[PDB]
Each structure stands twice: as C-alpha cells, then as structure tokens.
Amino acid sequence: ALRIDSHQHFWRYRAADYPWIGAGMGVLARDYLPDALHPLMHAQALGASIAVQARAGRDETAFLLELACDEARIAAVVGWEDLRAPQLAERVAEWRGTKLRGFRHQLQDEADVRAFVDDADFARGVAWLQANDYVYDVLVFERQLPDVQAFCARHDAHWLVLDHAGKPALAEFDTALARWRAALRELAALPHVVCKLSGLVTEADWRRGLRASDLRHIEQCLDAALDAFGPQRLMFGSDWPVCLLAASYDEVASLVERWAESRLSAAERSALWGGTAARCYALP
Ligand SMILES: [Zn+2]
C-alpha cells in the first residue's frame, strides 16, 4: 500500500491572504512549499502527500495543481471552488491533469454552518461533486458536528472526509470527550464518511504548550475514532505546517505510529498509513 500524508497545506505567505494566521503564530507566517515538506516525509518514509486548500479562492486550486504537476510526491489536491455557483461544472472542467480529487470549504468559519450546508445552491454543488466522484472534506469545530449531520446523511453518493477527527475540544478534557464522541458516532454510522487522524495536537492548549496529559487525551480520541469508524476508515494526516504551532512533523507522526502499533494489525496499519487515503481519494 501507498504511504500517504493525507492532509497538508502549502502557501506563499501574505498576511492579508491568510486571515486565520493571527497572533502567536509566527511559525506559520512564512512560505511553506514542497521543498520544505519533502525531507520530513522522507524521515517518516511517506511517499506522497495530499495538498489541501488553505484559503478560499480558485487561485488556490491553480496554485496547488501547479505545485503537484510533475511532482510524484504530491499524490492529489483537495481544491477550492465556489460550490454554490451555477457555473461549477464548467469551472471544474477547466482544471487540467488528474490530481484534483476533491474539494473543501472552510465551513467552520461560517456564522451559521447549518444554514450554510443546507442551502439549496450549496447542496446542488456538493451533489454534482459526488455524481462526478469528487471527495468532499468536512472541516468543522466539535460543536458544529450536529450542524453537518443532516448534510452528511444527505450527500451519500461519494466519500465525505471528516477533517481532524471533528476537532475534539482537547483543551477542555480537564463532558467534552463525551459530547464529541456522541457526535462522532452519529457521523461514523454513515458508511460514506471516513475519518482523518490529523490536526489533534493543535486542539490541545498549544499556546501554553503540550503536556503528557494532552498525549493521553489524544490517544483517547484515537481510540474513540477507531471504535466508531473501524480500522478501514482511518487515514493519517500531518496537518503540516499548521501542526508546527504545537509539535514537529516527527512528533505528530510518531504519536499516531505508537498508538497504531498498539491497537492495529499490520494490515490495518497499512490502511491507516495510506491504503485508506488511496482508495477514498482514488489515488493511482
Ligand atoms: Zn489544516
């Protein structure tokens, strides 16, 4: 099986273009391009990555596809389009090559997520994506999970990927685990929803710094994801470079590696570390 980092970003940094990079986030306020990622993947023996839109514009899609062209180490792109546009189909057709495998909108930043996802024009777009075998990545905060339950139940025609295991409020674990878990189980009950094991270190209190107690809390979330989704619907992702707010690329991968060695068979680990990503994103 392929060994895939299923979730990473790239950017030529400009402050105004990335409003979510704010104060206390200096590590992110610079360019992150494929050259910077490849040594880290090499050290983890990961052969390829999936690059995911980091801002909302068609030019982000063009940027990522350009980086991915002729670069075997970028296996796919999850791009951005305005899914509500009537023009969606003809716009998607503009993209050349085969590496555009899915889309993502930053739902978490919307004022009314439920209103956003149930919107007729958005539903039309997502329906078109699914009819055309494009994956959709779901990005929400833990408390927004109930807001997308109906959306996920409705759009069952192709794979929906839950980013970062739905962002459990790890900084609160000292009702939080319970609430997130109930929402996670309800989503995992749908066969077409799969789960990224990624983006966990930055849901702990990284500003004050990660502690052993956070690592144990993360393992609880990993265990809950495995219970709900099963071993065939889990995929590793680094969430680099965002993960660097809290931990190194090596620390992020090792955390999942140690957990998987404990809880998974060899075959199940191969699925976790790339097989599931390859089958859901239709990676060659
Ligand atoms: Zn991310």
Side-chain angles (χ1 to χ4, degrees), residues 4-15 17-22 24-34 36-37 40-41 44 46 48-57 60-61 63-65 67-68 74-81 100-110 113 135-142 144-145 148 160-171 180 194-207 210 218 221-222 225 234-253 255-256 277 280-281:
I4 301 293
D5 179 350
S6 73
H7 198 102
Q8 50 85 191
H9 304 283
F10 294 122
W11 56 73
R12 295 184 180 280
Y13 181 75
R14 176 167 186 270
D17 297 347
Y18 300 86
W20 58 267
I21 292 168
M25 299 182 188
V27 61
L28 305 186
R30 54 207 74 251
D31 296 352
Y32 282 102
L33 297 173
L37 174 61
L40 311 170
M41 285 167 58
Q44 294 304 322
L46 299 175
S49 70
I50 297 175
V52 179
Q53 61 86 212
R55 49 175 302 278
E60 171 72 0
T61 304
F63 168 74
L64 295 182
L65 294 172
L67 291 177
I74 298 166
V77 165
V78 169
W80 189 94
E81 281 284 358
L100 187 57
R101 298 296 185 175
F103 295 90
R104 186 179 81 156
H105 184 87
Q106 291 146 271
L107 298 173
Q108 67 172 35
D109 296 323
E110 301 292 337
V113 173
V135 179
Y136 181 80
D137 272 55
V138 178
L139 178 75
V140 286
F141 298 123
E142 172 261 311
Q144 293 167 334
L145 289 168
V148 296
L160 294 182
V161 175
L162 180 65
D163 286 356
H164 315 323
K167 296 193 177 187
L170 284 165
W180 166 79
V194 299
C195 190
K196 274 180 171 171
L197 297 186
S198 64
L200 294 167
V201 293
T202 39
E203 295 310 310
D205 191 359
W206 57 265
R207 293 180 183 273
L210 258 63
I218 291 171
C221 295
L222 296 176
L234 305 173
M235 56 176 77
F236 168 81
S238 64
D239 196 35
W240 179 98
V242 178
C243 70
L244 303 170
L245 293 168
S248 66
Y249 196 89
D250 187 271
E251 287 170 340
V252 166
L255 183 161
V256 175
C280 294
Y281 284 103

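Read the numbers this way: they start at 1 and go in the same order the structure lists the ligands and their atoms. Excluded from the calculations below are hydrogen atoms, water molecules and symmetry mates; all remaining heavy atoms, backbone and side chain alike, are included. In this chain, residues are counted from 1 in sequence order.
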Partner set under side-chain contact (heavy atoms from CB on, under 4.5 Å) for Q8, not counting sequence neighbours: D5, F10, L37, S49, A51, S238, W240
Residue list, side-chain contact (heavy atoms from CB on, under 4.5 Å) with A246, at least two apart or on another chain: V201, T202, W206, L210
Side chain to side chain, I4 and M235, heavy atoms closer than 4.5 Å: no
Any residue meeting salt bridge (charged side-chain N to carboxylate O under 4.0 Å, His left out) with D205, in chain and number order, not counting sequence neighbours: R208
Donor-acceptor contact below 3.5 Å, side chain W20 vs main chain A54: yes
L234 side chain reached by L222 side chain, heavy atoms, under 4.5 Å: no
Residue and atom, protein N/O/S, under 2.8 Å of the Zn ion (ligand 1): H9 NE2, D239 OD1
